[PDB]
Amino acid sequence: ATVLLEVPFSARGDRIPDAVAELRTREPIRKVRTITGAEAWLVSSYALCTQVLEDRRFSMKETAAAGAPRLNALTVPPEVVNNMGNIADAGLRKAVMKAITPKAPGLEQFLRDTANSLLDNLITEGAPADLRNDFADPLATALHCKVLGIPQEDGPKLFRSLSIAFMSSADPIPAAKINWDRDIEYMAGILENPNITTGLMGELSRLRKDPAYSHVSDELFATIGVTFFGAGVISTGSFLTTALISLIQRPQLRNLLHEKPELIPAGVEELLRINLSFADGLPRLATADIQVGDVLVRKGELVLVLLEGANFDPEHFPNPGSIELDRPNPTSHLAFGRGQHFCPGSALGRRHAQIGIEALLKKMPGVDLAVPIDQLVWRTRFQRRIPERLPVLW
């Protein structure tokens, strides 16, 4: 006799566990136990994952209710789980959307210059180089400093919170509140800084003084900057890191994109589809009794949407483990979510990876792992799957 199935199955981000395909075929919605001891429904087929994400009766906001079954402990104040809803209710949705588009002036040129500059420094240091710590994460940090309008020099200060902020823990984390309060104070001070006139924070600083927004709290302005820095940097840094592994593992594809850089957008979209950067299913709480497949999910129960369950579903993406640049439904993957909470930084995340991969293949076309792939150290109890170091030669 053995306990219920425990999630997550594996912290490894370079291969999908064989357990996923067996669940999807036999039990596409199945009861599991989370690290807090709570029971939850895990949803692993394309059809059921999309149904859950498009039905607003499965609520993100309500996962923060006291006494709800939990996937993990909150590392933010409970109101911040409703971050996007708080933004829209204060009338700030359009303003935030336009600050994070990759079409901001000089932003693509900044991304390319910063990428090339990071790679030159790696080249002059000599091999081996760490493509996570000395390329992907700094490129992500620099990009979000620029998007936010804050000094590049403050990037590493704010990045320091992220190894704790995005932890996937069974219990509350004392350090997370310390860093949160300190980071909120930093962004509050940015709003009072007359030199901050560009980017998201520059725009928020001027809306703050506009009569149409005089009843929006200073707390919310500062929260927008912390949350968008944190979610954007950890999501873009982690995706680009694990996308470089899938590329290194496929030298034919690596060579094709080097000779034909026009295929990089199509390649990045497949790298998004097969990416394993999210370490847990997306949590939602049922606010009603709702039929999902063969199971009646009851009000108050937790449902977990497994992104790789949908994205590797052979009924929607035939030969799902293969990168194919000519699929007829290329953007229909769930790497950015779906429905109400679709990622607002999808365009920016796509552009970060395209420019990073393009710069890498032009400077480092023979890039390869400097250690056997089994030697990578995968971070555990974290909301993203990432190797601690990514040593490469070229």
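One rule holds for the numbers: they count along the sequence shown, beginning at 1.
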{"query": "Between the two ranges 78 to 86 and 161 to 169, the one averaging a larger CA B factor in the entry", "finding": "78 to 86"}
{"query": "Stretch with the higher entry mean CA B-factor, where the candidates are 369 to 377 and 10 to 18", "finding": "10 to 18"}
{"query": "Residue selected from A175, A140, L256, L307 by maximal Cα B factor", "finding": "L256"}
{"query": "Residue of maximum C-alpha B factor among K94, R284, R132, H144, per deposited coordinates", "finding": "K94"}
{"query": "Record-listed C-alpha B factor of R273: chain third", "finding": "lowest"}
{"query": "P128 - Cα temperature factor, lowest/middle/highest third of chain", "finding": "middle"}
{"query": "Chain thirds of CA B-factor: placement of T242", "finding": "middle"}
{"query": "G67 - which third its CA temperature factor falls in, relative to the rest of the chain", "finding": "middle"}
{"query": "Third of the chain, ranked by Cα B-factor, where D313 sits", "finding": "lowest"}
